[PDB]
């Protein structure tokens, strides 16, 4: 009923959208992994009379449900998708997207890692993102590579029309007491990568984490704090 959704308010097998700003939504879905249930976020950005999707809904069936929810709530076609790193919460569902006619994109680093790991593989490579601090435009967003953090390939996404910063899994929600799943992380570099984000997007008004509730710029400092303390 207007609050940011959570696992407790998304019916089983479902996806919910949340309006962030004019022409900007997050998508929220839930998935099981190693016997626990987790929410995860993605982004939808209006691109004229089309939509740009950022990240899958963490699985084939969740991603089909995402497309159906988008058709219900927005009614514009998803023409392109970008996955912000190689984990299943970002690429699981790329096969569904591609069979629905969505053109799927990721960095070459993400594509290589996804292939090696046995995850679904976006079709198209995003060049120009291989060095930390790199940025490229992609429709209504800017894609930024901050350096290694949650993963070595993680991208962030900025929507300049709305000053919305989608941090993906390199950014954690304010209630987070832990640095999440750090299996593929670089804890030593992560605070330096967050500092790059802070420096590049000082006018961000909304910050959206890869899992959990959006907030403001404080998510970035909080993330740095939690990662340093986890490593400590």
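Positions refer to the first chain, counted from 1. Note that the rigid core is defined as the largest set of C-alphas that superpose within 1.5 Å between two forms.
Could you say which moves further from this form in 9 other deposited structures of this protein, stretch 5-13 or stretch 19-27, by root mean square CA distance after aligning on the core? Stretch with the larger root mean square C-alpha distance in 9 other deposited structures of this protein: 5-13.
Going by the mean C-alpha B-factor recorded in the entry, which is higher: 209-217 or 6-14? Mean C-alpha B-factor is greater for 6-14.
Tell me which stretch has the larger mean Cα B-factor in this entry, 110-118 or 82-90. Taking the mean C-alpha B-factor of 110-118 and of 82-90, the larger value falls to 110-118.
Of the choices 186, 34, 173, 55, which one's C-alpha carries the largest B-factor in the record? Largest recorded C-alpha B-factor: 186.
In terms of CA temperature factor as recorded, identify the highest of 75, 128, 147, 140. So the option with the highest C-alpha B-factor is 75.
Can you tell me whether residue 191 has a C-alpha B-factor in the lowest, middle or highest third compared with the other modelled residues of the same chain? As the PDB entry reports it, the C-alpha B-factor of residue 191 lands in the highest third of its chain.
Using the B-factor values recorded in the entry, state whether the Cα atom of residue 27 falls in the lowest, middle or highest third among the modelled residues of its chain. Lowest third.
Which third of the chain does residue 168 land in by C-alpha B-factor: lowest, middle or highest? Tercile = middle for this residue's CA B-factor.
Please place residue 197 in the lowest, middle or highest third of its chain according to the CA B-factor in the PDB entry. Middle third by C-alpha B-factor.
Place residue 100 in the lowest, middle or highest third of its chain's C-alpha B-factors, as listed in the PDB entry. Highest third of the chain for residue 100's C-alpha B-factor.
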